[PDB]
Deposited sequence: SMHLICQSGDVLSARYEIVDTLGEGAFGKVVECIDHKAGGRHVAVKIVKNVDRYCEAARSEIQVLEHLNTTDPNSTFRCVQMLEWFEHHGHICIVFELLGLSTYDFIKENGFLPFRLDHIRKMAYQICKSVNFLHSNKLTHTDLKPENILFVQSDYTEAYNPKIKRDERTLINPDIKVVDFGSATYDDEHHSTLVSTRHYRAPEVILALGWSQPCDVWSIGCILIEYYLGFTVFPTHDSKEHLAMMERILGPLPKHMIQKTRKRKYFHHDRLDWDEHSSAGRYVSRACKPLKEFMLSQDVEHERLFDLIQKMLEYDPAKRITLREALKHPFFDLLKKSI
């Protein structure tokens, strides 16, 4: 399936957007909504993804009927159907993901004024899930999309792309979990995974706040501050960047394998040791300016990466953070 010219459910004519673990997202003309263009997510016919897609449709029926005008900027689902035993989800058509924009921008960062608007809308959208006893669990730049990704290009003492409109929506509700629903041990894409998740101390709304903080650094720098595919390495990077893990979380965790007594079981002089030393350093040292508005973002990021998820700032508090004052003038 998934070639252009193909028609899905005698309605959606494929014209073009993105592969992934789940399957494919294609652009389609809706021949039965005045030729409106739509995005259609074709999901692998694989138990893990079938489950997740059935679950995403459930969550999207709720979010879309709770918020029919999309004030809280969750992507609108139009319809869903089966095509050769594949689940297909039809959504409003957005622009590039923030990940795909950054990449197409030569992995250059967003300017600060754009990060402020985007940060605000992310916190607003996700806080809305948090109000409805939902946790996203998988926030990341790939899953934040521009409503519209049109740009202007211009040189800079390196060629640069700036968004005309930085408005975003949030997508992928396939991992989203209700407060009372069963809570998987593994959640999030490693680089955006909260410490309560790695340590299997149980997680909720706060694991989204950690993810967002990670997203905000990535937008600021153009790269992740956790460039890793290993759990222990991840905890070690957190240490050099955020300070020691709390006493209590280390001694609660059944994830004892990561520990030698009460210290992280970490060789400084081994290959990965040397990597963490060189590539990681105290968070505030990644600042590109000492400007107040830079200091203000960084104060918010630091709160979002509070180790203890109880102490971790909530998105309700995050929206009243100073960094957003400029938006209220």
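Unmodelled segments of the deposited chain, in sequence order: 1 to 4, 21, 163 to 165, 338 to 339.
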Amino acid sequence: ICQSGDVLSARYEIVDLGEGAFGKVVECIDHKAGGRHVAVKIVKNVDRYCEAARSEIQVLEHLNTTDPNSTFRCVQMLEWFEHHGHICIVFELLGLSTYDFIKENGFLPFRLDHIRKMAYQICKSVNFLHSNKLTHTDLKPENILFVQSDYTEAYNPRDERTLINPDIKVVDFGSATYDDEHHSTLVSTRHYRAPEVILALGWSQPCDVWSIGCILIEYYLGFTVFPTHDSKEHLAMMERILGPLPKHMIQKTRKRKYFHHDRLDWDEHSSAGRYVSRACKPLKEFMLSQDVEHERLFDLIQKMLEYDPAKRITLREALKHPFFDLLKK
From here on, numbers count along this sequence of modelled residues.
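What we label the rigid core is the largest C-alpha set whose atoms superpose within 1.5 Å from one form to the other.
Rigid core superposition in 7 other deposited structures of this protein puts the Cα atoms of one stretch, out of 111 to 119 and 223 to 231, farther from the shown form on average, and that stretch is 223 to 231. After superposition on the rigid core, the larger root-mean-square Cα deviation in 7 other deposited structures of this protein belongs to 148 to 156, not to the other of 148 to 156 and 95 to 103.
Looking at 134 to 142 and 148 to 156 together, the entry lists the larger mean B-factor for 148 to 156, computed on C-alpha atoms.
Of the two segments, 98 to 106 and 210 to 218, the one listed with the higher mean B-factor is 98 to 106 (C-alpha atoms only). Of the candidates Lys41, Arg274, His62, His37, it is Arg274 whose Cα B-factor is highest according to the PDB record. Across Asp30, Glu56, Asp265, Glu27, the greatest Cα temperature factor reported in the deposited entry is at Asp265. Annotation for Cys50: C-alpha temperature factor in the highest third relative to the rest of the modelled chain, per the entry. Among all modelled residues in its chain, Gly202 ranks in the middle third by Cα B-factor. Sorting the modelled residues of the chain by their CA temperature factor places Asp180 in the highest third. When the CA B factors of the chain's modelled residues are split into thirds, the value for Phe72 lands in the lowest one.
In the PDB entry, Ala236 places in the middle third of its chain by CA B-factor.
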